[PDB]
$ cat entry_26.pdb   # PDB, C-alpha atoms
ATOM      1  CA  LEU A 871      42.762  18.840 -43.841  1.00  0.00           C
ATOM      2  CA  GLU A 872      41.524  19.338 -40.271  1.00  0.00           C
ATOM      3  CA  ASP A 873      38.468  21.061 -41.765  1.00  0.00           C
ATOM      4  CA  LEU A 874      37.791  18.104 -44.060  1.00  0.00           C
ATOM      5  CA  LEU A 875      38.380  15.543 -41.292  1.00  0.00           C
ATOM      6  CA  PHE A 876      36.055  17.319 -38.858  1.00  0.00           C
ATOM      7  CA  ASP A 877      33.420  17.837 -41.562  1.00  0.00           C
ATOM      8  CA  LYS A 878      33.389  14.235 -42.808  1.00  0.00           C
ATOM      9  CA  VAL A 879      33.050  12.725 -39.313  1.00  0.00           C
ATOM     10  CA  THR A 880      29.521  12.386 -37.916  1.00  0.00           C
ATOM     11  CA  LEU A 881      29.965  14.431 -34.750  1.00  0.00           C
ATOM     12  CA  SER A 882      27.404  16.684 -33.074  1.00  0.00           C
ATOM     13  CA  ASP A 883      28.441  19.658 -30.970  1.00  0.00           C
ATOM     14  CA  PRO A 884      27.641  19.642 -27.253  1.00  0.00           C
ATOM     15  CA  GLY A 885      26.797  23.298 -26.633  1.00  0.00           C
ATOM     16  CA  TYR A 886      29.146  24.580 -23.950  1.00  0.00           C
ATOM     17  CA  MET A 887      27.633  28.058 -23.553  1.00  0.00           C
ATOM     18  CA  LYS A 888      24.101  27.672 -24.954  1.00  0.00           C
ATOM     19  CA  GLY A 889      23.268  23.904 -24.955  1.00  0.00           C
ATOM     20  CA  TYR A 890      21.078  23.990 -21.843  1.00  0.00           C
ATOM     21  CA  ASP A 891      18.975  26.667 -23.589  1.00  0.00           C
ATOM     22  CA  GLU A 892      19.027  24.715 -26.851  1.00  0.00           C
ATOM     23  CA  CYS A 893      17.726  21.509 -25.405  1.00  0.00           C
ATOM     24  CA  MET A 894      15.444  23.404 -23.130  1.00  0.00           C
ATOM     25  CA  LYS A 895      13.242  24.580 -25.956  1.00  0.00           C
ATOM     26  CA  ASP A 903      19.265  13.464 -28.491  1.00  0.00           C
ATOM     27  CA  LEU A 904      21.909  12.461 -25.943  1.00  0.00           C
ATOM     28  CA  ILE A 905      22.906  16.114 -25.473  1.00  0.00           C
ATOM     29  CA  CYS A 906      19.376  16.819 -24.250  1.00  0.00           C
ATOM     30  CA  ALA A 907      19.437  13.508 -22.360  1.00  0.00           C
ATOM     31  CA  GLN A 908      22.278  14.866 -20.200  1.00  0.00           C
ATOM     32  CA  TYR A 909      20.015  17.238 -18.278  1.00  0.00           C
ATOM     33  CA  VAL A 910      17.236  14.710 -17.605  1.00  0.00           C
ATOM     34  CA  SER A 911      19.509  11.781 -16.745  1.00  0.00           C
ATOM     35  CA  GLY A 912      21.930  13.598 -14.463  1.00  0.00           C
ATOM     36  CA  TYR A 913      25.279  13.521 -16.238  1.00  0.00           C
ATOM     37  CA  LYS A 914      27.263  16.349 -17.818  1.00  0.00           C
ATOM     38  CA  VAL A 915      29.922  16.101 -20.533  1.00  0.00           C
ATOM     39  CA  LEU A 916      32.790  18.375 -19.503  1.00  0.00           C
ATOM     40  CA  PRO A 917      34.607  20.679 -21.939  1.00  0.00           C
ATOM     41  CA  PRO A 918      38.178  19.733 -22.888  1.00  0.00           C
ATOM     42  CA  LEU A 919      41.206  21.558 -21.537  1.00  0.00           C
TER      43      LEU A 919
ATOM     44  CA  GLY B 340      32.070  14.519   3.336  1.00  0.00           C
ATOM     45  CA  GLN B 341      35.026  16.619   4.495  1.00  0.00           C
ATOM     46  CA  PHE B 342      36.157  20.186   5.140  1.00  0.00           C
ATOM     47  CA  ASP B 343      39.881  20.362   4.226  1.00  0.00           C
ATOM     48  CA  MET B 344      38.972  20.330   0.645  1.00  0.00           C
ATOM     49  CA  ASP B 345      41.615  20.866  -1.874  1.00  0.00           C
ATOM     50  CA  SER B 346      41.304  23.396  -4.616  1.00  0.00           C
ATOM     51  CA  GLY B 347      39.851  22.299  -7.967  1.00  0.00           C
ATOM     52  CA  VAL B 348      36.853  22.828 -10.223  1.00  0.00           C
ATOM     53  CA  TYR B 349      34.450  20.339  -8.682  1.00  0.00           C
ATOM     54  CA  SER B 350      31.119  19.229 -10.121  1.00  0.00           C
ATOM     55  CA  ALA B 351      28.277  20.038  -7.735  1.00  0.00           C
ATOM     56  CA  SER B 352      24.770  18.588  -7.630  1.00  0.00           C
ATOM     57  CA  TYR B 353      21.985  19.000 -10.177  1.00  0.00           C
ATOM     58  CA  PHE B 354      19.503  21.503  -8.737  1.00  0.00           C
ATOM     59  CA  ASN B 355      16.067  20.270  -9.822  1.00  0.00           C
ATOM     60  CA  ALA B 356      13.228  22.629 -10.741  1.00  0.00           C
ATOM     61  CA  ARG B 357      10.101  23.382  -8.700  1.00  0.00           C
ATOM     62  CA  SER B 358       6.390  23.181  -9.479  1.00  0.00           C
ATOM     63  CA  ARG B 359       4.963  26.447 -10.807  1.00  0.00           C
ATOM     64  CA  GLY B 360       1.358  25.695 -11.774  1.00  0.00           C
ATOM     65  CA  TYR B 361      -1.247  22.949 -11.818  1.00  0.00           C
ATOM     66  CA  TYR B 362      -3.031  21.964 -15.036  1.00  0.00           C
ATOM     67  CA  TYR B 363      -6.030  19.635 -15.003  1.00  0.00           C
ATOM     68  CA  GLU B 364      -8.348  18.001 -17.526  1.00  0.00           C
ATOM     69  CA  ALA B 365     -10.941  15.291 -16.943  1.00  0.00           C
ATOM     70  CA  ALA B 366     -13.154  15.209 -20.116  1.00  0.00           C
ATOM     71  CA  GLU B 367     -16.229  15.396 -17.802  1.00  0.00           C
ATOM     72  CA  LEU B 368     -16.351  11.721 -16.901  1.00  0.00           C
ATOM     73  CA  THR B 369     -19.719  10.268 -15.908  1.00  0.00           C
ATOM     74  CA  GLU B 370     -20.404   7.676 -13.198  1.00  0.00           C
ATOM     75  CA  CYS B 371     -20.601   3.918 -13.728  1.00  0.00           C
ATOM     76  CA  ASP B 372     -23.069   1.629 -11.993  1.00  0.00           C
ATOM     77  CA  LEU B 373     -21.479  -0.449  -9.246  1.00  0.00           C
ATOM     78  CA  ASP B 374     -24.874  -1.061  -7.625  1.00  0.00           C
ATOM     79  CA  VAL B 375     -25.330  -3.861 -10.179  1.00  0.00           C
ATOM     80  CA  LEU B 376     -23.192  -5.849  -7.721  1.00  0.00           C
ATOM     81  CA  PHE B 377     -26.093  -5.456  -5.247  1.00  0.00           C
ATOM     82  CA  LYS B 378     -28.981  -5.486  -7.744  1.00  0.00           C
ATOM     83  CA  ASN B 379     -29.690  -9.157  -8.511  1.00  0.00           C
ATOM     84  CA  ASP B 380     -29.183 -12.475  -6.735  1.00  0.00           C
ATOM     85  CA  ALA B 381     -25.708 -13.290  -5.454  1.00  0.00           C
ATOM     86  CA  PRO B 382     -23.770 -15.214  -8.133  1.00  0.00           C
ATOM     87  CA  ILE B 383     -22.797 -18.856  -7.764  1.00  0.00           C
ATOM     88  CA  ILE B 384     -19.097 -19.773  -7.845  1.00  0.00           C
ATOM     89  CA  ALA B 385     -19.836 -22.019 -10.836  1.00  0.00           C
ATOM     90  CA  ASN B 386     -21.558 -19.102 -12.635  1.00  0.00           C
ATOM     91  CA  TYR B 387     -19.721 -16.032 -11.324  1.00  0.00           C
TER      92      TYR B 387
END
$ encode --input "entry_26.pdb" --output "structure tokens"
Amino acid sequence: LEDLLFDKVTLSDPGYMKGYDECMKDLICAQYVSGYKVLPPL
Amino acid sequence: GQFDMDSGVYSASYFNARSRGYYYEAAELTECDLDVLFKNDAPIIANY
């Protein structure tokens, strides 16, 4: 049920170990040009 | 702005990149005549 709930919701992953290198080559890319960073959860 | 900082995982500044090369294009622009301002009679304010 968690699988179905997370699949059916329109959520994009902010890359926490590769994202800088994914945008390098949306809002997730906008983070590094604007000057804000979305922190990982606990 | 202090020195008796507490522990914690702080967020530091964004270190911005630095210029590595210089790329230039101009399409080989010609020159335009601005001596037409000093070619004929001086225009009248009514007929500028």
$ closest_atom_pairs --input "entry_26.pdb" --of "chain B" --to "chain A" --cutoff "12 Å" --atoms "all atoms listed in the file" --output "Markdown table"
| residue | atom | partner | partner_atom | distance |
| --- | --- | --- | --- | --- |
| B:348 | CA | A:916 | CA | 11.1 |
| B:349 | CA | A:916 | CA | 11.1 |
| B:350 | CA | A:914 | CA | 9.1 |
| B:351 | CA | A:914 | CA | 10.8 |
| B:352 | CA | A:912 | CA | 8.9 |
| B:353 | CA | A:912 | CA | 6.9 |
| B:354 | CA | A:912 | CA | 10.1 |
| B:355 | CA | A:910 | CA | 9.6 |
| B:356 | CA | A:910 | CA | 11.2 |
$ residues_around --input "entry_26.pdb" --residues "stretch 881-888 of chain A" --least-positions-apart "2" --cutoff "8 Å" --atoms "all atoms listed in the file" --output "VMD selection string"
chain A and resid 876 879 890 to 892 905 915 917
$ atom_distance --input "entry_26.pdb" --atom1 "atom CA of residue B:344" --atom2 "atom CA of residue A:908"
27.3 Å
$ atom_distance --input "entry_26.pdb" --atom1 "atom CA of residue A:906" --atom2 "atom CA of residue A:874"
27.1 Å
$ atom_distance --input "entry_26.pdb" --atom1 "atom CA of residue B:369" --atom2 "atom CA of residue B:387"
26.7 Å
